Amino acid sequence: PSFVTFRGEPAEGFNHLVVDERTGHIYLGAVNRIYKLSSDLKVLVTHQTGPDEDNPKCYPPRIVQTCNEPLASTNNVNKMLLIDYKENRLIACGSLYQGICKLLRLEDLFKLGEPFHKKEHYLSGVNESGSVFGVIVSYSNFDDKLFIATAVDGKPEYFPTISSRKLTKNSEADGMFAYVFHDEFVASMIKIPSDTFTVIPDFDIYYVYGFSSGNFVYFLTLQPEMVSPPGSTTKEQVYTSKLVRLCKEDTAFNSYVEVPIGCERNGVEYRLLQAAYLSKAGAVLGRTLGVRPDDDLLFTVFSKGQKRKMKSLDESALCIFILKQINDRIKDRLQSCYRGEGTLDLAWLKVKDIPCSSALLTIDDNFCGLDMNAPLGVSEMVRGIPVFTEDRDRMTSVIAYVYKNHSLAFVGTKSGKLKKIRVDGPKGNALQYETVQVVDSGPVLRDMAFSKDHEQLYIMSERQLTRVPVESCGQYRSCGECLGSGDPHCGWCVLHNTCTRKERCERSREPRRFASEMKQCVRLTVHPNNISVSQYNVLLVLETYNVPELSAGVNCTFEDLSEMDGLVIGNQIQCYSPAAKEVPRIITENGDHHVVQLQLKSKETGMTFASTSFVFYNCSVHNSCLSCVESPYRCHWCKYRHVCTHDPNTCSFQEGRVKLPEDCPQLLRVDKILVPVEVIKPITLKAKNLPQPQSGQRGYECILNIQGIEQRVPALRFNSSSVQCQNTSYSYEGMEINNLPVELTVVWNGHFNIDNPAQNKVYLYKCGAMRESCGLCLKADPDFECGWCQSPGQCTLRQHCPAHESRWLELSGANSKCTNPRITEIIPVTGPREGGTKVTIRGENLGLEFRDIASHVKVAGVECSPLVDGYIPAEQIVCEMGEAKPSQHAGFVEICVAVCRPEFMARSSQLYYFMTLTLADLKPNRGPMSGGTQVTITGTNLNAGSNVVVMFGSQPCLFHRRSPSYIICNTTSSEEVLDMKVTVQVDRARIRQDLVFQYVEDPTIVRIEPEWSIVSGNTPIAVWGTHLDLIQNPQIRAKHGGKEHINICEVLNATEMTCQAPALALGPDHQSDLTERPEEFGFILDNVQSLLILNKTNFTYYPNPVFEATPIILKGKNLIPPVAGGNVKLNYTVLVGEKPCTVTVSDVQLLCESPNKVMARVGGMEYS
């Protein structure tokens, strides 16, 4: 729905709004315009008040007298607007006339009169809108008047800030705006003293809001710094927001009172009035407030602090004042002055403090003021009761009203939104809703009035008036949701089945017709909660509470699917379930069950109000016993029929029924089923509740699912708990894998598969496709029972190999020597003469125990001692060689399993070679103390042996790769000190040499020569620092956004370095024209971490170019960066397949010339 609105008919401007109590017509004050609108916000009539040639400086405006100062067409701002019902007109006071007021006829806006001639006819020079306010009070003839306050602008002689003026019947009459009682000594007006102006130059009173109460008139005002804040001389101005009051009856103006007003929230001060609204509490607020029905209340809005009235702060607070409380404060104050204590204390009015005079008096609320102790101020600032505070978005305006005794408050925001607040201090709670009827971008004005009928609330913006309805409960579909939202306006109109306010619900007054709390809803229950799919048209009884008389008629709707008529008896509703034809359409694909929300559709409303959980459960679909019983519903399984059904009778016979899950037909597991290939073997099985096949039903079979071949073997069911497939042999083709698990399915009567929860499988295992050697077989599991058979030269089970001799060989428990050990290959081919090398020998048929191999290994003559942990039985031996000093140079490796028997020994195919590695030189001789330098150790025979360790200063170096000629390793920190020695140890040999490594102090980065670069980077950067030579490959690092990137540097001297800037190019973020710092910037110099992130750096990144696909003109953004100084600019080159062109570069375009595919390049970037 959209909100009805009136756009600034003059699209040009807007200032004030008011509603006629009887008609509902809305009058809107604006600059140069005054409009009359319908309740709907249609334009009824437009009046042109505007642009008049004038000048603010001139006193009696041009019409009366000639003004020396030049005039200009200026805008006339509607300062004020007030409806004079009695007079049947509208007082629409403008400005730019020296503030002349106009009278517009109520119905047509016909200008009845606009008195210009006399001085009184001029209100104020002030151009500002809303700084003025006032009230029109009327009585029958010979009793009457207008009270108005306005800012002066330092005009003190010309105009009074507050005045009591006359409103004659005739608009033509000269008398208008004359003071009620004018005397040479005292007039019914209050002027600002000249002395006060001189002291504080700018002092001025701005009147925000005003209202008549009882028999007085109140004004909320803003004033300047007068003793607040203290200051010897003029400087800054801060404001103090105060309340003013007058007796309607006091022609003398003696009754004037002025108290400062504000409120504080947790030590935060809210001094400045934005707007206010007088209203009633209604029964709810009044009771807890402790008030009489008639007693009034004043909602207000204040900004934080004393600063900037012109443009206040966002922080704003809605406070409250009970009029009784303010009246008390005033009475309290007066009764005090009458005591004779202290001074009057009103700075702006009376510069010189006059004392209060004591006197005998009955001080009442009626007290109008007396000659002595005349106009007076107030000491104690009156504090208000806080209600709601907005930090993020400043409140601009407020209104409130009584609804069903609950007090609803309306608050405009700077954003153009309205808040609907139930005030519940006296009750208990907070803010119910927020709305943006208005204007999404920018604010709402103080003139915010409810309509006469109080259906809507006209919300005024600078641009437009918007008719915001006071609730939009209709959005809520169900009683549960309606009451769920909580926005206090909403209730569930039971019979209507809709969500709306009390006023909206017909006959809501009657009992249980309207529901306020969730409890009142609606609660529904169905006796047959669960009905089976198979059943049809079942009788259901409905129990509902807290529902209105249904005699209108009701229908039951399971869902959008179906709807059945119902009859009512007692306090119950009787409906029928859907037909089988209807029910399964739903059930299909939901499977196990489908919960459905059965609703009740009322005949009168035609909307579903009440719901319940209704379950549709069909047993037959279940394919297996587990699903049938074990599932969530009541279903019975028939072992024999092998079907699931609701009825017990349908089962084959009594013994066949499965009520419990434990009882179901399933196969129990036994020790793993091992099955050799090509062997005839029976496979016994255990299980539970196996059915006896009934008539027309066949027996049991075992089906093995082997991809190569699926075997069907019939079986015998001995009893309810045991089965056995008959003697058969199984095989799979491939010889690929030893152990193949296979799924097996036990079936009976052809298709019926018995459930296999464990999912037991049969393991088909085959004898050495894999192992040609005796060592390999004995190595394999003892479970296989597979063993080596000497005569065949092959390996199979005893069953498989004939026994000429009493024995076939099986590793009894590893105590089985094997024969014919072989060595395939060994690692470190070469080694040092000194020894210590770790030789890794890999063979096929070795000894099973370590103990036998130990002492077995020899390299030629040299004794080699094997390592226990390293040794993997019969596959591999890790051995450490001893001192090689012998004459041989090269020798074959020998392993004797237990004993060096002739059958039992193995010799290596290739011989182990002895040679002593040496190291001549290191590529970097020097490096930083922190370390992290890539060292290049050059030498000979560096590759030898097993293990390598490099120690600089006895501290370890981190190894990388090894070669015959070279060892590469990364240096550790020389915490010790500059200089150091290099020791390399391979196995037991430790070689040292004269070559030394010299430690040099961590490098530093002083400065970066351009402070900046572009998004794509690759510009030159001249960096300066210290100990730069110490790092071989320095690089620049930068982190922009999520990603981190690096780039290369070239080191000239110890001090100087040239680096190419890193590319930032990121699709998500682009550097702004202004420029941006990276998340991190630094340099990667080995381990020195401090260099990685530079805290101090103010390096900035400027925006790679964007280009879009006869001379050539290429357009795109980001061609030129805003860079400081010089025309440091990018050197662009647009080239064709090979030739560059002459071009003039502009920020937006590139003017290349082609006399006859293109590539554009600047620095590092290329685009095509």
# chains A, B, ... in the order shown; residues from 1 in each chain; ligands from 1
>>> select_by_dssp(residues="stretch 12-211 of chain A", states="alpha helix (DSSP H)", output="tab-separated table (two decimals) with N, CA, C and O atoms, in the first residue's frame")
chain	number	residue	atom	x	y	z
A	194	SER	N	17.75	47.48	25.79
A	194	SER	CA	18.87	47.84	24.97
A	194	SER	C	20.15	47.50	25.66
A	194	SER	O	21.13	47.12	25.02
A	195	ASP	N	20.18	47.62	27.00
A	195	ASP	CA	21.38	47.40	27.75
A	195	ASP	C	21.83	45.98	27.55
A	195	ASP	O	23.02	45.71	27.43
A	196	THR	N	20.87	45.04	27.53
A	196	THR	CA	21.18	43.64	27.42
A	196	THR	C	21.74	43.34	26.06
A	196	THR	O	22.52	42.40	25.90
A	197	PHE	N	21.31	44.09	25.02
A	197	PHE	CA	21.83	43.90	23.69
A	197	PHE	C	23.27	44.30	23.64
A	197	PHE	O	24.08	43.62	23.01
A	198	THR	N	23.63	45.44	24.27
A	198	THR	CA	24.99	45.89	24.19
A	198	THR	C	25.88	44.89	24.86
A	198	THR	O	26.96	44.59	24.35
A	199	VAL	N	25.46	44.36	26.02
A	199	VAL	CA	26.27	43.42	26.74
A	199	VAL	C	26.49	42.21	25.88
A	199	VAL	O	27.62	41.86	25.57
>>> select_by_dssp(residues="stretch 172-352 of chain A", states="strand (DSSP E or B)", output="MDAnalysis selection string")
chainID A and resid 179 182 187 189:190 206:213 216:223 240:247 257:265 268:270 272:279 297:303 305 316:322 343
>>> write_last_selection(atoms="C-alpha atoms", output="PDB file, in the first residue's frame")
ATOM      1  CA  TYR A 179      -1.793  45.778  22.367  1.00  0.00           C
ATOM      2  CA  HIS A 182      -1.342  50.224  26.376  1.00  0.00           C
ATOM      3  CA  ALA A 187       1.844  47.889  28.011  1.00  0.00           C
ATOM      4  CA  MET A 189       3.989  43.438  25.837  1.00  0.00           C
ATOM      5  CA  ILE A 190       7.556  42.599  26.808  1.00  0.00           C
ATOM      6  CA  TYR A 206      13.204  31.904  19.661  1.00  0.00           C
ATOM      7  CA  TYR A 207       9.797  30.454  20.337  1.00  0.00           C
ATOM      8  CA  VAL A 208       9.387  26.816  19.368  1.00  0.00           C
ATOM      9  CA  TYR A 209       6.039  25.657  20.714  1.00  0.00           C
ATOM     10  CA  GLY A 210       3.101  27.241  22.497  1.00  0.00           C
ATOM     11  CA  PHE A 211      -0.209  26.178  23.959  1.00  0.00           C
ATOM     12  CA  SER A 212      -3.105  27.307  26.081  1.00  0.00           C
ATOM     13  CA  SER A 213      -3.849  25.359  29.227  1.00  0.00           C
ATOM     14  CA  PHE A 216      -2.824  30.369  31.000  1.00  0.00           C
ATOM     15  CA  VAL A 217      -0.494  30.386  27.983  1.00  0.00           C
ATOM     16  CA  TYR A 218       2.813  28.555  27.900  1.00  0.00           C
ATOM     17  CA  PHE A 219       5.766  28.851  25.546  1.00  0.00           C
ATOM     18  CA  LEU A 220       8.870  26.697  25.162  1.00  0.00           C
ATOM     19  CA  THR A 221      11.743  29.014  24.358  1.00  0.00           C
ATOM     20  CA  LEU A 222      15.425  29.187  23.492  1.00  0.00           C
ATOM     21  CA  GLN A 223      17.652  32.010  24.736  1.00  0.00           C
ATOM     22  CA  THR A 240      19.187  27.595  27.569  1.00  0.00           C
ATOM     23  CA  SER A 241      15.764  26.121  26.941  1.00  0.00           C
ATOM     24  CA  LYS A 242      13.072  27.435  29.230  1.00  0.00           C
ATOM     25  CA  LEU A 243       9.356  27.452  29.879  1.00  0.00           C
ATOM     26  CA  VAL A 244       7.332  30.656  29.935  1.00  0.00           C
ATOM     27  CA  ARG A 245       3.823  31.260  31.238  1.00  0.00           C
ATOM     28  CA  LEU A 246       1.226  34.024  31.468  1.00  0.00           C
ATOM     29  CA  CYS A 247      -2.270  34.491  32.844  1.00  0.00           C
ATOM     30  CA  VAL A 257       7.453  33.356  34.758  1.00  0.00           C
ATOM     31  CA  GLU A 258      10.490  31.647  33.222  1.00  0.00           C
ATOM     32  CA  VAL A 259      12.038  28.338  34.296  1.00  0.00           C
ATOM     33  CA  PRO A 260      14.853  26.566  32.565  1.00  0.00           C
ATOM     34  CA  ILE A 261      13.922  23.091  31.422  1.00  0.00           C
ATOM     35  CA  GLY A 262      15.664  19.917  30.395  1.00  0.00           C
ATOM     36  CA  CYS A 263      16.330  16.334  31.427  1.00  0.00           C
ATOM     37  CA  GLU A 264      19.317  14.051  31.850  1.00  0.00           C
ATOM     38  CA  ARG A 265      20.029  10.460  30.942  1.00  0.00           C
ATOM     39  CA  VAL A 268      24.124  13.122  29.618  1.00  0.00           C
ATOM     40  CA  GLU A 269      22.557  16.553  29.346  1.00  0.00           C
ATOM     41  CA  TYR A 270      19.608  17.333  27.049  1.00  0.00           C
ATOM     42  CA  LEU A 272      17.521  22.106  23.716  1.00  0.00           C
ATOM     43  CA  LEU A 273      13.842  21.886  22.792  1.00  0.00           C
ATOM     44  CA  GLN A 274      13.126  20.729  19.252  1.00  0.00           C
ATOM     45  CA  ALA A 275       9.384  20.430  19.675  1.00  0.00           C
ATOM     46  CA  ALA A 276       6.650  19.733  22.204  1.00  0.00           C
ATOM     47  CA  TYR A 277       3.023  18.624  22.258  1.00  0.00           C
ATOM     48  CA  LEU A 278       0.415  19.092  24.996  1.00  0.00           C
ATOM     49  CA  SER A 279      -1.959  16.176  25.339  1.00  0.00           C
ATOM     50  CA  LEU A 297       0.810  16.383  30.077  1.00  0.00           C
ATOM     51  CA  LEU A 298       3.593  17.742  27.912  1.00  0.00           C
ATOM     52  CA  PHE A 299       5.685  15.518  25.648  1.00  0.00           C
ATOM     53  CA  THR A 300       8.871  17.161  24.468  1.00  0.00           C
ATOM     54  CA  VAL A 301      12.011  16.547  22.478  1.00  0.00           C
ATOM     55  CA  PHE A 302      15.462  17.776  23.456  1.00  0.00           C
ATOM     56  CA  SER A 303      18.917  17.562  21.873  1.00  0.00           C
ATOM     57  CA  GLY A 305      24.033  19.911  25.188  1.00  0.00           C
ATOM     58  CA  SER A 316      18.060  13.530  21.218  1.00  0.00           C
ATOM     59  CA  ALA A 317      15.696  12.528  23.988  1.00  0.00           C
ATOM     60  CA  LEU A 318      11.931  12.452  24.440  1.00  0.00           C
ATOM     61  CA  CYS A 319      11.051  13.612  27.938  1.00  0.00           C
ATOM     62  CA  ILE A 320       7.837  14.240  29.817  1.00  0.00           C
ATOM     63  CA  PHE A 321       6.350  16.850  32.092  1.00  0.00           C
ATOM     64  CA  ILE A 322       3.148  16.625  34.038  1.00  0.00           C
ATOM     65  CA  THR A 343      16.425  38.046  44.006  1.00  0.00           C
TER      66      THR A 343
END
>>> residues_around(residues="stretch 450-464 of chain A", least_positions_apart="6", cutoff="7 Å", atoms="only C-alpha atoms", output="PyMOL selection string")
chain A and resi 6-8+11+13-15+19+21+24+443-444+470
>>> write_last_selection(atoms="N, CA, C and O atoms", output="compact mmCIF listing (two decimals), in the first residue's frame")
# COMPACT_ATOMS: atom_id res chain seq x y z
N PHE A 6 0.89 14.72 -0.50
CA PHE A 6 0.84 15.95 -1.22
C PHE A 6 2.27 16.34 -1.42
O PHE A 6 3.02 16.50 -0.46
N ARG A 7 2.69 16.47 -2.69
CA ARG A 7 4.04 16.85 -2.95
C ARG A 7 4.05 18.32 -2.90
O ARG A 7 2.99 18.91 -3.12
N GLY A 8 5.23 18.93 -2.59
CA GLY A 8 5.34 20.36 -2.49
C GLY A 8 4.77 20.87 -3.73
O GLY A 8 5.45 20.79 -4.75
N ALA A 11 6.91 22.81 -5.59
CA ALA A 11 7.94 21.85 -5.49
C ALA A 11 9.05 22.58 -4.80
O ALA A 11 9.97 21.98 -4.24
N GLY A 13 9.19 24.78 -1.98
CA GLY A 13 9.39 24.90 -0.51
C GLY A 13 8.26 24.19 0.40
O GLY A 13 7.50 23.46 -0.22
N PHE A 14 8.21 24.29 1.85
CA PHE A 14 7.17 23.97 2.94
C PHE A 14 7.55 24.41 4.40
O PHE A 14 8.69 24.21 4.81
N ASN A 15 6.58 24.92 5.28
CA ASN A 15 6.90 25.44 6.63
C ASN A 15 5.95 25.04 7.77
O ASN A 15 6.42 24.68 8.85
N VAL A 19 -4.75 21.47 11.16
CA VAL A 19 -5.96 20.81 10.74
C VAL A 19 -7.15 21.48 11.37
O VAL A 19 -7.12 21.87 12.54
N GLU A 21 -10.62 21.39 13.00
CA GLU A 21 -11.24 20.38 13.80
C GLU A 21 -12.51 19.90 13.16
O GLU A 21 -12.79 18.71 13.16
N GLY A 24 -11.55 18.93 8.73
CA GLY A 24 -10.54 17.95 8.43
C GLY A 24 -9.73 18.47 7.29
O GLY A 24 -8.82 17.81 6.80
N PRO A 443 14.67 14.88 6.65
CA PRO A 443 13.69 15.00 7.81
C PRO A 443 12.21 15.48 7.91
O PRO A 443 11.67 15.99 6.94
N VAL A 444 11.58 15.36 9.15
CA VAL A 444 10.20 15.75 9.49
C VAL A 444 10.15 16.98 10.39
O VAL A 444 11.05 17.20 11.20
N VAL A 470 -2.45 6.13 11.70
CA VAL A 470 -2.04 5.77 13.02
C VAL A 470 -2.05 4.28 13.09
O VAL A 470 -1.15 3.66 13.66
>>> closest_residue(among="A:26, A:1146, A:1152, A:818", to="residue A:1112", atoms="only C-alpha atoms")
A:1152
>>> residues_around(residues="residue A:43", least_positions_apart="3", cutoff="12 Å", atoms="only C-alpha atoms", output="mmCIF file with N, CA, C and O atoms, in the first residue's frame")
data_model
loop_
_atom_site.group_PDB
_atom_site.id
_atom_site.type_symbol
_atom_site.label_atom_id
_atom_site.label_comp_id
_atom_site.auth_asym_id
_atom_site.auth_seq_id
_atom_site.Cartn_x
_atom_site.Cartn_y
_atom_site.Cartn_z
ATOM 1 N N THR A 5 -0.155 11.270 -0.341
ATOM 2 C CA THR A 5 0.644 12.406 -0.010
ATOM 3 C C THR A 5 0.396 13.545 -0.938
ATOM 4 O O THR A 5 -0.238 13.425 -1.986
ATOM 5 N N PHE A 6 0.891 14.719 -0.501
ATOM 6 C CA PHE A 6 0.840 15.952 -1.216
ATOM 7 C C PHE A 6 2.265 16.339 -1.415
ATOM 8 O O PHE A 6 3.016 16.504 -0.456
ATOM 9 N N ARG A 7 2.685 16.473 -2.685
ATOM 10 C CA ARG A 7 4.040 16.846 -2.948
ATOM 11 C C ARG A 7 4.050 18.322 -2.902
ATOM 12 O O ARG A 7 2.993 18.913 -3.124
ATOM 13 N N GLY A 8 5.225 18.931 -2.593
ATOM 14 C CA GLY A 8 5.343 20.357 -2.487
ATOM 15 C C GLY A 8 4.765 20.874 -3.732
ATOM 16 O O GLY A 8 5.446 20.794 -4.747
ATOM 17 N N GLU A 9 3.509 21.397 -3.667
ATOM 18 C CA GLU A 9 2.837 21.847 -4.848
ATOM 19 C C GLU A 9 3.760 22.875 -5.348
ATOM 20 O O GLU A 9 4.194 22.815 -6.496
ATOM 21 N N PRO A 10 4.113 23.819 -4.527
ATOM 22 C CA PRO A 10 5.297 24.448 -4.953
ATOM 23 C C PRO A 10 6.278 23.401 -4.578
ATOM 24 O O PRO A 10 6.468 23.121 -3.394
ATOM 25 N N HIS A 25 -10.052 19.696 6.821
ATOM 26 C CA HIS A 25 -9.275 20.282 5.771
ATOM 27 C C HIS A 25 -7.941 20.595 6.365
ATOM 28 O O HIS A 25 -7.840 20.908 7.552
ATOM 29 N N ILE A 26 -6.868 20.485 5.554
ATOM 30 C CA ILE A 26 -5.559 20.725 6.083
ATOM 31 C C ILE A 26 -4.984 21.942 5.429
ATOM 32 O O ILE A 26 -4.927 22.052 4.205
ATOM 33 N N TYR A 27 -4.539 22.904 6.260
ATOM 34 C CA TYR A 27 -3.972 24.121 5.763
ATOM 35 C C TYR A 27 -2.483 24.009 5.922
ATOM 36 O O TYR A 27 -1.995 23.514 6.939
ATOM 37 N N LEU A 28 -1.724 24.435 4.888
ATOM 38 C CA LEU A 28 -0.299 24.270 4.945
ATOM 39 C C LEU A 28 0.400 25.559 4.641
ATOM 40 O O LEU A 28 0.315 26.090 3.533
ATOM 41 N N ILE A 34 0.338 29.423 0.624
ATOM 42 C CA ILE A 34 -0.447 28.869 1.693
ATOM 43 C C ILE A 34 -1.484 27.995 1.037
ATOM 44 O O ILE A 34 -2.260 28.459 0.201
ATOM 45 N N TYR A 35 -1.574 26.707 1.437
ATOM 46 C CA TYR A 35 -2.416 25.811 0.681
ATOM 47 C C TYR A 35 -3.520 25.310 1.563
ATOM 48 O O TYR A 35 -3.392 25.242 2.783
ATOM 49 N N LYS A 36 -4.662 24.963 0.932
ATOM 50 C CA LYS A 36 -5.792 24.377 1.602
ATOM 51 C C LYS A 36 -5.956 23.022 0.964
ATOM 52 O O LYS A 36 -6.066 22.930 -0.258
ATOM 53 N N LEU A 37 -5.942 21.932 1.773
ATOM 54 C CA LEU A 37 -5.985 20.602 1.224
ATOM 55 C C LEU A 37 -7.088 19.805 1.858
ATOM 56 O O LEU A 37 -7.579 20.131 2.937
ATOM 57 N N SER A 38 -7.508 18.721 1.167
ATOM 58 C CA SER A 38 -8.526 17.837 1.667
ATOM 59 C C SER A 38 -7.879 16.869 2.617
ATOM 60 O O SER A 38 -6.657 16.823 2.752
ATOM 61 N N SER A 39 -8.704 16.052 3.303
ATOM 62 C CA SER A 39 -8.227 15.119 4.288
ATOM 63 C C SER A 39 -7.307 14.132 3.629
ATOM 64 O O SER A 39 -6.397 13.594 4.262
ATOM 65 N N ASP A 40 -7.581 13.849 2.345
ATOM 66 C CA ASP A 40 -6.887 12.950 1.462
ATOM 67 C C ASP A 40 -5.611 13.565 0.959
ATOM 68 O O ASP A 40 -4.807 12.880 0.328
ATOM 69 N N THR A 46 -4.731 27.176 -3.693
ATOM 70 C CA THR A 46 -3.390 27.655 -3.478
ATOM 71 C C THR A 46 -3.414 29.155 -3.469
ATOM 72 O O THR A 46 -4.025 29.788 -4.328
ATOM 73 N N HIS A 47 -2.722 29.765 -2.486
ATOM 74 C CA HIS A 47 -2.696 31.193 -2.329
ATOM 75 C C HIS A 47 -1.293 31.642 -2.592
ATOM 76 O O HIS A 47 -0.344 30.965 -2.196
ATOM 77 N N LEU A 465 3.840 16.537 2.461
ATOM 78 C CA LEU A 465 2.995 16.234 3.574
ATOM 79 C C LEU A 465 2.597 14.819 3.307
ATOM 80 O O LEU A 465 2.359 14.476 2.147
#
>>> residues_around(residues="residue A:428", least_positions_apart="3", cutoff="12 Å", atoms="only C-alpha atoms", output="VMD selection string")
chain A and resid 284 to 285 288 387 406 to 407 422 to 425 431 488
>>> write_last_selection(atoms="N, CA, C and O atoms", output="mmCIF file, in the first residue's frame")
data_model
loop_
_atom_site.group_PDB
_atom_site.id
_atom_site.type_symbol
_atom_site.label_atom_id
_atom_site.label_comp_id
_atom_site.auth_asym_id
_atom_site.auth_seq_id
_atom_site.Cartn_x
_atom_site.Cartn_y
_atom_site.Cartn_z
ATOM 1 N N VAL A 284 -4.798 4.854 31.134
ATOM 2 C CA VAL A 284 -3.644 4.060 31.465
ATOM 3 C C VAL A 284 -2.539 4.850 32.113
ATOM 4 O O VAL A 284 -2.138 4.556 33.237
ATOM 5 N N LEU A 285 -2.030 5.883 31.418
ATOM 6 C CA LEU A 285 -0.905 6.661 31.862
ATOM 7 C C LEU A 285 -1.289 7.461 33.063
ATOM 8 O O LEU A 285 -0.524 7.586 34.017
ATOM 9 N N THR A 288 -1.172 5.576 36.794
ATOM 10 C CA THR A 288 0.124 5.322 37.362
ATOM 11 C C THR A 288 0.870 6.607 37.539
ATOM 12 O O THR A 288 1.788 6.679 38.348
ATOM 13 N N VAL A 387 12.058 9.152 28.316
ATOM 14 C CA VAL A 387 11.208 8.107 27.815
ATOM 15 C C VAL A 387 11.930 7.259 26.802
ATOM 16 O O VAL A 387 11.981 6.034 26.933
ATOM 17 N N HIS A 406 -4.721 3.591 26.160
ATOM 18 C CA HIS A 406 -3.289 3.487 26.028
ATOM 19 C C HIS A 406 -2.786 4.716 25.338
ATOM 20 O O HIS A 406 -3.420 5.211 24.408
ATOM 21 N N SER A 407 -1.599 5.214 25.753
ATOM 22 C CA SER A 407 -1.105 6.473 25.252
ATOM 23 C C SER A 407 -0.100 6.218 24.166
ATOM 24 O O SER A 407 0.976 5.676 24.417
ATOM 25 N N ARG A 422 4.378 3.322 22.636
ATOM 26 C CA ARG A 422 3.445 3.285 23.716
ATOM 27 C C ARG A 422 4.267 3.618 24.925
ATOM 28 O O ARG A 422 5.301 2.998 25.166
ATOM 29 N N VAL A 423 3.860 4.646 25.698
ATOM 30 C CA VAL A 423 4.619 4.996 26.869
ATOM 31 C C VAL A 423 4.134 4.145 27.993
ATOM 32 O O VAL A 423 2.964 4.205 28.371
ATOM 33 N N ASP A 424 5.037 3.317 28.565
ATOM 34 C CA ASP A 424 4.570 2.431 29.585
ATOM 35 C C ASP A 424 5.423 2.515 30.816
ATOM 36 O O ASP A 424 5.845 1.490 31.346
ATOM 37 N N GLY A 425 5.771 3.724 31.293
ATOM 38 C CA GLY A 425 6.388 3.756 32.590
ATOM 39 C C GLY A 425 5.304 3.432 33.573
ATOM 40 O O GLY A 425 5.452 2.602 34.471
ATOM 41 N N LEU A 431 9.017 1.125 22.553
ATOM 42 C CA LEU A 431 8.721 1.432 21.148
ATOM 43 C C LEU A 431 8.124 0.262 20.410
ATOM 44 O O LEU A 431 8.684 -0.831 20.394
ATOM 45 N N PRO A 488 1.392 -3.006 20.044
ATOM 46 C CA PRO A 488 0.211 -2.973 20.876
ATOM 47 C C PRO A 488 -1.114 -2.744 20.210
ATOM 48 O O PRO A 488 -2.132 -3.020 20.839
#
>>> residues_around(residues="residue A:766", least_positions_apart="6", cutoff="9 Å", atoms="only C-alpha atoms", output="number ranges by chain")
A: 675-678, 731, 735, 737-740, 784, 786
>>> residues_around(residues="stretch 969-980 of chain A", least_positions_apart="3", cutoff="12 Å", atoms="only C-alpha atoms", output="PyMOL selection string")
chain A and resi 922-938+948-963+966+983-984+993-1002+1031+1086-1088
>>> atom_distance(atom1="atom CA of residue A:1008", atom2="atom CA of residue A:1161")
25.0 Å
>>> closest_residue(among="A:192, A:413, A:22, A:401", to="residue A:350", atoms="only C-alpha atoms")
A:192
>>> atom_distance(atom1="atom CA of residue A:1098", atom2="atom CA of residue A:1037")
14.6 Å
>>> atom_distance(atom1="atom CA of residue A:103", atom2="atom CA of residue A:119")
17.6 Å
>>> closest_residue(among="A:1026, A:855, A:171, A:1016", to="residue A:1071", atoms="only C-alpha atoms")
A:1016
